[PDB]
Amino acid sequence: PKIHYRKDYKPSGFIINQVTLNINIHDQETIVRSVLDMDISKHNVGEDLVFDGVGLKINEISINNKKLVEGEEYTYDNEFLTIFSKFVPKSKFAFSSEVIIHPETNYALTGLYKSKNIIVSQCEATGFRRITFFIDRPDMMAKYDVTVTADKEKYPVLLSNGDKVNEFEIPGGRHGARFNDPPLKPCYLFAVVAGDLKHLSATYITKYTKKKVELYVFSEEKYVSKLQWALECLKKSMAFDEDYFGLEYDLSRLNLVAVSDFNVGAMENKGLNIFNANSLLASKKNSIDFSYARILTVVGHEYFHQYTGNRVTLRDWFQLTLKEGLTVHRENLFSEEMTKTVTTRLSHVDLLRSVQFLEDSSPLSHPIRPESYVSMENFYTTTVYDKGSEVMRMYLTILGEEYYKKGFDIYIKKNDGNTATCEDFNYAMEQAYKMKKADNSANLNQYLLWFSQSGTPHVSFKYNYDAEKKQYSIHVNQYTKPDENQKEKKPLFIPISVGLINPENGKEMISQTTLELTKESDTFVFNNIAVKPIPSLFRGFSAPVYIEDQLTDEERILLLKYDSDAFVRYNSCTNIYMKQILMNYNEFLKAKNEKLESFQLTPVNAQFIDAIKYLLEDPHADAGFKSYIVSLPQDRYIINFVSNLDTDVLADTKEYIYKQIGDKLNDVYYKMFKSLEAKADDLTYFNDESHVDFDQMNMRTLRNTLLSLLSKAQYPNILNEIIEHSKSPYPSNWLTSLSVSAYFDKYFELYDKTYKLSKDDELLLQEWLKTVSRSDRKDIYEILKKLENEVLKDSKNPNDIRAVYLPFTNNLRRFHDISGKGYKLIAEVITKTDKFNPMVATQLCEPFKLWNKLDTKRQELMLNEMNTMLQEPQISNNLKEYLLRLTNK
Ligand SMILES: N=C(N)c1ccc([C@H](N)P(=O)(O)O)cc1
Ligand SMILES: [Mg+2]
Ligand SMILES: [Mg+2]
Ligand SMILES: [Zn+2]
């Protein structure tokens, strides 16, 4: 396997100016004819002309309409086509080829492939070379002219980029359409779609130039009534980009297309965005609530790429975070603004601190701009995306909205229509930073360490208050643990949004303030502080760091009750829970280790319990927020703080803490579950396809969270509530009725009822699978085997595979069974999957990312499975490289 290093970037010694494609789709094969109008660049040195091309069957290749001779004038090895330089022209020339590919049997879902009865392409990052020969890298910009032909009755709708310029009948019941797209683009943005597609459409008129834009959303006929919310989300996305950024869509049409088989959420391809059906389609009847926010965020994300990926391009794939982390940042601003709920930002933080922190302390840790890769298919990571988004969001925290907007415009204005690197972004923010600080000595040079340095910084605090002097000091330290990528870690530029809360009346004591920590430590002093404050630190989660607030639980309770910032309130709660978790974990571990016949557990802080009750009972507090405070921190967040974590001891710790709080609050939880029903389950708008109320869905999350707490606690007669819940029209409710019924004899009756409600909608059935897979069942292994035999079977749909096995891997007691049978089961599924879809096989490795953080027995069991997979003679390059890096080989 070749290793690509970021420092080795050099421009191609060739130019491709024009691509002209003819893609002829037949039932047993697709013939692709391509003519590339090419040139020799100023960088050329008489080298062999080398095209990427993977899995292609050559019929013929030519230069200048002269057929080339295999062996004598070219070699092809199923990966690279080499045309020896003696046969390569020295001025403008045409390369042409005709190859055969087979989308029908393309189950890896990259290149051209068939999803149910739709043919669709997926080119990012290196799929275009699976379609035809090309210099398949994002700095090769070309014009595209694409003709598609196919059976008219099977494929009446043909789409590609640009303007449809011609449509034409072909003998034998076939038809064609030609699409010309004059603006330059990289090949990873080419797309083609052919299918019996149905649609909804609307016209959008842009804010400034008043241009009409036609919006089409497409799916197979069965699901066309689930397209309306996506169309609404698209309108919202366009308006947001206009409103916040002043940016208007440049083209006359935008197509969104849903397909059933897709490796990730969706893909921006210029004017032709293609989506996993689960991130485009929803209805109130056939979708769980989470689908609504998911579609808004993925539609927004792909729309925002139209500037941040599509009009300002990436020079090379090492700059991926510049398009992805910037677009996730824009997508997160948009969602926060559309949902208007504080839980939107909290949910982003929750994801970073569980999944991305776990990645950044694992053997796979990498900075958001890595120095090397082997597999581009494994470069699309929570680090590159979600820590990149926090890095891009820190610019806004530092600058504020006016100067951030100014600097963003500087970047867009200067790099619209060219490639770019992370430095150019940083330069643009710096110009805004000089303008903010009003001095041109000021720079963001140190900021660049956020791109290059791996690992999560740790930020810790000590405090001093002089009551006579009215003088308050915050002493701050930062530390990043050395790792494989830097032995010596340098201090980062860390912005710390802070408030000072008067603990007597709950009031802010200072104006908005963001501390700029730029050294390994600093002391920030504040005068005229009338009383000793409680500090509100990292408001909004203002940098991607481990926060060690060193506050007492009494101070944390005060913040939870009285602070103005949702994140700090939640983080204070989280810190109270972590202190409690680590204490009980250690008490349980000592008892197991010492084989104690009796021992004590530290109970949960009574005043913390009272503060939770105070918040739950407050009719003006937010239901979404309330759902966060009654939930312990995620298991993958906890693991960052325990060595050799024993998953059974953690499971007993959680069980103790939940029962401690439940023994005090379950009557409160019951009462709320009942009083919330009317508003949470309100049907007034159930038949209004465009009316989406995030606050109401947050009430359902709270009722469903409370119902789960009550069911695990076998609260008196709660089964009555569970059965009544099963009859709700909302799938979030009736699927919750399935999971919480696990603790009763009614489980299999609800399994059957809900299966019947789910089985005739492809996506709802996948949600039902997830609900079953995650059910807290002692017979969970037998239940998986029933799903395999009765529902999943031989499906190669990644949504089905992931739905059956991923939720199960979060089952702390059972997935981590000490026999290793859970690790064995997932490894078998990875290996089976890897035979046809290496990308999804790698995704299914996720449970193994924390292998080296568990107790020594479980480290050994997981390592044994990883080593078994690595020994498979037929292992993909993708899977092999991932498992080699994960196991530190
Ligand atoms: N290699 C892939 N699986 C892949 C990676 C990224 C993308 C898109 N960039 P996205 O960030 O959904 O917009 C689409 C597909
Ligand atoms: Mg008072
Ligand atoms: Mg299917
Ligand atoms: Zn993206």
Side-chain angles (χ1 to χ4, degrees), residues 107-111 113-118 120-128 130 136 138 186 188-191 220 222-223 237 256 258-270 272-280 294 297-310 313-314 317 319-332 373 375-382 384-386 388-389 502-507 531 562 758-766 769 791-801 803-804 837-843 878:
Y107 310 121
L109 322 185
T110 180
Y113 67 98
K114 190 167 180 275
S115 177
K116 202 180 288 194
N117 305 305
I118 300 175
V120 59
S121 64
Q122 173 50 47
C123 295
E124 191 172 3
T126 63
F128 189 75
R130 287 181 197 261
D136 183 2
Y188 78 89
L189 292 177
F190 157 87
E220 65 172 291
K222 182 167 179 190
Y223 300 121
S237 299
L256 315 188
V259 301
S260 297
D261 299 85
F262 205 72
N263 290 335
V264 293
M267 170 65 206
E268 82 283 18
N269 305 110
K270 213 150 153 186
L272 181 45
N273 287 348
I274 295 169
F275 294 72
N276 186 324
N278 69 25
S279 308
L280 203 65
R294 173 72 178 168
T297 67
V298 180
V299 176
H301 181 101
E302 310 310 334
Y303 180 67
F304 302 136
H305 269 303
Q306 212 52 264
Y307 275 84
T308 60
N310 299 352
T313 293
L314 297 193
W317 287 121
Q319 318 304 320
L320 182 64
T321 199
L322 173 63
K323 82 172 175 87
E324 290 309 339
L326 183 54
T327 294
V328 172
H329 166 61
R330 284 152 53 62
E331 162 201 350
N332 293 163
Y373 67 81
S375 169
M376 260 324 284
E377 278 174 337
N378 300 331
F379 214 72
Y380 286 76
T381 61
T382 187
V384 168
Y385 278 59
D386 300 308
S389 62
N502 175 339
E504 193 50 46
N505 62 5
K507 289 268 213 283
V531 68
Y562 297 122
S758 305
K759 72 186 171 58
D760 298 320
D761 178 295
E762 168 171 287
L763 292 176
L764 182 56
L765 180 55
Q766 287 159 8
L769 290 170
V791 183
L792 176 63
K793 296 201 212 291
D794 57 337
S795 180
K796 297 190 209 287
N797 181 335
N799 289 351
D800 289 337
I801 301 167
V804 168
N837 191 329
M839 186 170 328
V840 168
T842 299
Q843 287 172 358
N878 237 55

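Hydrogens, waters and symmetry mates play no part in the numbers below; they use all other heavy atoms, side chains included. Just so you know, residue 1 is the first one in the sequence shown, and it goes up from there. Numbering of ligands and ligand atoms starts at 1, following listing order.
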**Message:** Would the distance check show the side chain of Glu268 and the main-chain N or O of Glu302 forming a donor-acceptor pair, the cut-off being under 3.5 Å?
**Reply:** no
**Main-chain N/O of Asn797 paired to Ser795 side chain as donor or acceptor, under 3.5 Å** = yes
**Asked** For the side chain of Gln122 and the backbone of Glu124, is there at least one donor-acceptor N/O pair under 3.5 Å apart?
**Response** yes
**Message:** Could you walk me through whether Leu109 and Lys796 satisfy the side-chain contact (heavy atoms from CB on, under 4.5 Å) test, starting with their C-alpha distance in whole Å, then the side-chain angles of each, then the deciding distance to 0.1 Å, before giving a yes or no?
**Reply:** CA-CA 10 Å; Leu109 322 185; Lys796 297 190 209 287; over 6 Å; no
**Partner of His305 by side chain to side chain donor-acceptor pair (under 3.5 Å), out of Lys323, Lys270, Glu324** = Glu324
Considering only N or O atoms, set out every pair between ligand 1 and the protein closer than 3.5 Å, with distances to one decimal place.
unit_1, atom_1, unit_2, atom_2, d
ligand 1, 1 (N), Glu124, O, 3.3
ligand 1, 9 (N), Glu124, OE1, 2.6
ligand 1, 9 (N), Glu124, OE2, 3.4
ligand 1, 9 (N), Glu268, OE1, 3.3
ligand 1, 9 (N), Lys323, NZ, 3.4
ligand 1, 9 (N), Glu324, OE2, 2.8
ligand 1, 11 (O), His301, NE2, 3.2
ligand 1, 11 (O), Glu324, OE1, 2.7
ligand 1, 11 (O), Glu324, OE2, 3.0
ligand 1, 11 (O), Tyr385, OH, 2.5
ligand 1, 12 (O), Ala266, O, 2.5
ligand 1, 12 (O), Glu302, OE2, 2.9
ligand 1, 13 (O), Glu268, OE1, 3.1
ligand 1, 13 (O), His301, NE2, 3.3
ligand 1, 13 (O), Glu302, OE1, 2.7
ligand 1, 13 (O), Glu302, OE2, 3.1
ligand 1, 13 (O), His305, NE2, 3.0

**Residue from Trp317, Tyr385, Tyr373 passing ring-ring contact (aromatic ring centres under 6.0 Å, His included) with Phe379** = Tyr373
